[PDB]
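Engineer: Just so you know, the sequences run in chain order G, B and C.
Note that the first sequence covers residues 147 to 292 in the deposited numbering.
Note that the second sequence covers residues 18 to 123, 127 to 215 in the deposited numbering.
Note that the third sequence covers residues 18 to 106 in the deposited numbering.
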Amino acid sequence: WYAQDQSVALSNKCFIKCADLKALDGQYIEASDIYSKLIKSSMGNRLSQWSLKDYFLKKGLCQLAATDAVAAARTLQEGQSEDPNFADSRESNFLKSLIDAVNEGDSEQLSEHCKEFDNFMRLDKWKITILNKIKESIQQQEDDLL
Amino acid sequence: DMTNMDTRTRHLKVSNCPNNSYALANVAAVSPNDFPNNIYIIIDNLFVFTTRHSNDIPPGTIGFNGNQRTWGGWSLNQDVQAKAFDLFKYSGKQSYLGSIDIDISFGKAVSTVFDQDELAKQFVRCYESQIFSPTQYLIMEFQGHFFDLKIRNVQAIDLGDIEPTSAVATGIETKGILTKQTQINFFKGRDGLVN
Amino acid sequence: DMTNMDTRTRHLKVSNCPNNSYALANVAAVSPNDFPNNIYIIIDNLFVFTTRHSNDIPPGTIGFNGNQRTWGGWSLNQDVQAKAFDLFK
Numbered sequence: 147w148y149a150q151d152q153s154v155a156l157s158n159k160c161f162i163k164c165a166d167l168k169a170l171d172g173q174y175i176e177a178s179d180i181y182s183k184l185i186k187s188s189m190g191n192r193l194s195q196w197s198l199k200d201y202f203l204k205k206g207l208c209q210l211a212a213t214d215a216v217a218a219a220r221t222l223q224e225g226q227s228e229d230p231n232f233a234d235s236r237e238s239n240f241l242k243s244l245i246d247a248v249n250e251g252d253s254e255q256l257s258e259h260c261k262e263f264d265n266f267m268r269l270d271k272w273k274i275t276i277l278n279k280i281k282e283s284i285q286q287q288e289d290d291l292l
Numbered sequence: 018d019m020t021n022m023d024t025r026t027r028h029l030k031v032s033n034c035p036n037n038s039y040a041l042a043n044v045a046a047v048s049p050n051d052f053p054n055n056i057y058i059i060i061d062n063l064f065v066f067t068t069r070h071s072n073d074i075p076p077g078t079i080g081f082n083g084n085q086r087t088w089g090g091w092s093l094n095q096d097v098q099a100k101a102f103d104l105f106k107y108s109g110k111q112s113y114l115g116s117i118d119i120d121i122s123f127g128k129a130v131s132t133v134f135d136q137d138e139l140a141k142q143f144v145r146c147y148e149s150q151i152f153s154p155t156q157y158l159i160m161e162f163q164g165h166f167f168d169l170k171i172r173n174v175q176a177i178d179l180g181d182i183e184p185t186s187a188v189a190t191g192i193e194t195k196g197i198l199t200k201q202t203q204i205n206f207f208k209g210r211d212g213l214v215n
Numbered sequence: 018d019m020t021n022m023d024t025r026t027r028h029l030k031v032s033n034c035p036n037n038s039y040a041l042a043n044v045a046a047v048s049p050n051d052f053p054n055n056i057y058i059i060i061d062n063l064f065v066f067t068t069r070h071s072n073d074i075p076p077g078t079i080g081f082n083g084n085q086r087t088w089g090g091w092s093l094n095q096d097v098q099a100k101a102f103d104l105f106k
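1. Take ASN94/B as the anchor and find which of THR132/B, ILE79/B, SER71/B and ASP103/B has the nearest alpha-carbon.
2. Check whether chain B comes within 8 Å of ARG220/G, counting only Cβ atoms and requiring the distance to be less than that.
3. Out of curiosity, what's the CA-to-CA distance linking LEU156/G and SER178/G?
4. Could you name each continuous alpha helix (DSSP H) segment of 4 residues or more that falls completely within the segment 24-103 of chain B, going from the start of the chain to the end?
5. Tell me, please, whether the CB atom of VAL216/G is closer than 8 Å to any CB atom in chain B?
6. Over what stretch of residues does the alpha helix (DSSP H) that includes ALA219/G continue unbroken?
7. Taking only beta-carbon atoms, is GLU148/B less than 8 Å away from chain C?
8. Could you please give me the residues that DSSP links to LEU169/B through a beta bridge?
9. Cβ of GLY90/C less than 8 Å from any chain B Cβ?
10. Just the chain B side, please: which residues come within less than 9 Å of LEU291/G by C-beta, in chain order?
11. Using the Cα positions of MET19/B and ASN50/B, report the straight-line distance between them to the nearest angstrom.
12. Among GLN173/G, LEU167/G and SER188/G, whose alpha-carbon lies nearest the alpha-carbon of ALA149/G?
13. To which residues of the same chain is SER92/B closer than 6 Å at the C-beta, ignoring the five residues directly before and after it?
14. Hey, quick one: how far does the alpha helix (DSSP H) through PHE240/G stretch, first residue to last?
15. Do we get a CB-CB distance below 8 Å when we pair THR78/C with the residues of chain B?
16. Quick one: is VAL65/B buried, meaning 16 or more other Cβ sit within 10 Å of its Cβ, or exposed?
17. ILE185/G lies in the alpha helix (DSSP H); which residues open and close that run?
18. With 8 Å set as the bound, which would you pick, yes or no: does the beta-carbon of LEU41/B sit closer than that to a beta-carbon of chain G?
19. Tell me which residues of the segment 92-107 of chain B have at least one Cβ-Cβ distance to chain G shorter than 9 Å, keeping chain order.
20. Under 7 Å between beta-carbons, which chain C residues line up against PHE162/B? List them in chain order, please.
21. Distance check for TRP272/G and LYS30/B, CA to CA, integer angstroms please.
22. If we call anything under 8 Å between Cβ atoms a contact, is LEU179/B one with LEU114/B?
23. Can the beta-carbon of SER48/C be found closer than 8 Å to that of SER71/C?
24. From the DSSP secondary-structure annotation, give me the bridge partner or partners of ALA189/B.
25. Is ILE197/B helix, strand or coil by DSSP?
Given below as C-alpha cells:
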C-alpha cells in the first residue's frame with residue numbers, strides 16, 4: 147500500500163523487515179525476491195546507498211541458504227557490476243568468500259570467514275541464523291555423503 | 018530405436034534432482050509426459066543426457082543433479098531448450114567410445133593405490149548404454165566412498181576399427197556410447213588426492 | 018534357538034541402512050519371509066550378522082550401514098550371497 151501511495155521510504159522499510167522475517171522462517175527464495183525488489187527500488191539513490199550495500203549481501207545469503215550457489219554467485223556479480231560502492235565493500239568480499247567456502251564444502255573455512263567478518267563488523271542475528279543454516283546444510287550434505 | 022521418434026524442441030526449466038538414485042544413474046529426470054524413458058536428449062545442442070521418468074517432476078520441468086548443473090552452467094529455475102538427440106545421425110560413424118579417460122576424485129581421503137578395473141566395471145555397470153562427451157562431471161559411490169568423476173577426453177570410433185585411428189579428442193563435439201570394450205583410463209581427481 | 022533353519026543361499030542387494038537407529042542396532046534388517054528373528058546369518062561365509070525382523074525392507078534384500086560396507090569394501094546395490102550360520106559347530 148505504501149508503494150501504492152508513492153511513499154518510497156515506508157515501503158522500503160516495510161520490505162526490509164518483511165524479507166527479514168521471511169528469510170529467518172525458512173522461506174529463502176521469496177525473501178531473496180523481496181531483497182531483489184529492495185535492490186531495484188533503492189538503486190540509483192544516494193541516500194539508500196548503505197542499504198543497498200547490505201541488500202546485495204542479504205540476497206546472496208538467502209539464495210545460498212537455498213542450496214543455489216549459482217544464485218549467490220549471480221547476486222554477488224550483480225552487486226559488483228551494478229553498485230560501485232558495494233564492489234569495494236567488505237560485504238562483497240564476505241559474500242565471495244562465503245560462496246568460495248561453500249563451493250569447496252569446507253565448513254572450517256566458512257567458520258573462519260564468519261570469525262573475520264565478526265572481527266571488524268559485529269554480525270547480526272539474522273545473518274548468524276542464515277550462516278548457521280548454510281553450515282548445517284554442509285552437515286546435511288555430510289549426512290548425504292554416506 | 019530412433020528410426021521413428023520426434024525431435025521437437027521443448028522448453029524445460031532445470032530443477033533439483035529428486036533423490037540420489039537418479040543422480041547415481043547419470044540421467045536427466047523428466048516427467049513421463051515430457052519425454053519417454055531411456056532415450057537420448059541434447060540440451061543447448063551441447064549436453065546429452067538419458068531421460069528417466071520421475072513422477073515427482075511435473076511436465077514442463079527438467080531435473081538434474083548438481084554435477085550436471087555445474088557442467089551445464091545452469092541455475093535453478095532457468096529455462097533450457099531440449100531436443101531428442103540421435104548420435105547415429107549426428108556423428109554418423111564415430112558413435113562408440115574407443116578410449117575414455119576420467120578424473121576420479123574423492127576430508128575422508130584415502131592414499132592407497134586404486135585399481136582402475138573395479139572403477140571401470142562399476143562405472144559401466146551404472147552408466148551402460150549412455151551417450152558421453154568430454155568434461156562431464158558425475159557422482160559415483162564406491163566401497164562407501166563418494167567420488168566425483170570428471171571425463172577428461174573421449175576418443176570416438178566406429179564399431180569396426182581393429183586399430184584405433186581416431187585421435188583422442190577433448191571437445192564436447194565427439195560423442196560415443198559406453199561399452200565394455202572401451203579403453204577406460206583413470207587418473208587423479210579434481211581433488212588430486214586419488215593415487 | 019539355531020538348531021533348525023533354512024540354510025539355503027540367497028542373493029541379496031546392498032542398500033543404505035533404513036535409518037540411524039538400525040545402524041546402531043547392528044542387526045541385519047530382513048523381512049519376515051526372509052528368515053526368522055534373532056538368529057545369526059553369515060554372508061560370503063565371512064561376515065556374520067544378527068537378523069532382526071523389519072517390515073520396511075522387502076523380502077530378498079538386505080540393509081547395511083556404512084561401517085559394514087566399508088568392512089566389506091562394497092558399493093551400493095552390490096549383489097552378495099547370504100546363508101545361515103552356526104558358530105558352535
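Quick reminder that beta carbons are idealized off the backbone N, C-alpha and C, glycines included.
Structural biologist: Put simply:
1. Nearest to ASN94/B by C-alpha distance, out of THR132/B, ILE79/B, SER71/B and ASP103/B, is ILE79/B.
2. Closer than 8 Å: yes.
3. Answer to the nearest angstrom: the Cα atoms are 19 Å apart.
4. Here the runs fully enclosed are 37-41 and 83-89.
5. Chain B contact via Cβ: present.
6. It spans 215-228 - the alpha helix (DSSP H) in which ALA219/G sits, taken as one unbroken run.
7. By this cut-off, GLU148/B is not an interface position.
8. As a beta-bridge residue in DSSP terms, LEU169/B pairs with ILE121/B and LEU158/B.
9. Yes, because at least one Cβ of chain B sits closer than 8 Å to the Cβ of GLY90/C.
10. Those within 9 Å of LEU291/G in chain B are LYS128 and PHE166.
11. The C-alpha of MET19/B lies about 18 Å from the C-alpha of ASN50/B.
12. Looking at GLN173/G, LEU167/G and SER188/G, the one whose alpha-carbon comes closest to that of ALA149/G is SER188/G.
13. Nothing listed; no residue qualifies.
14. From DSSP, the alpha helix (DSSP H) with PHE240/G extends over 236-250.
15. Chain B contact via Cβ: absent.
16. Buried.
17. Following the DSSP letters along the chain, one finds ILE185/G inside the alpha helix (DSSP H) bounded by residues 174-188.
18. Not an interface residue.
19. Answer in chain order: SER92, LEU93, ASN94 and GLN95.
20. In chain order: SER92.
21. Answer to the nearest angstrom: the Cα atoms are 31 Å apart.
22. Against a cut-off of 8 Å, the Cβ pair of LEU114/B and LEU179/B comes out as no contact.
23. Their beta carbons are under 8 Å apart, which means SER48/C touches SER71/C by this criterion.
24. BP columns for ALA189/B point to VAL174/B.
25. Three-state DSSP puts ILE197/B in a strand.
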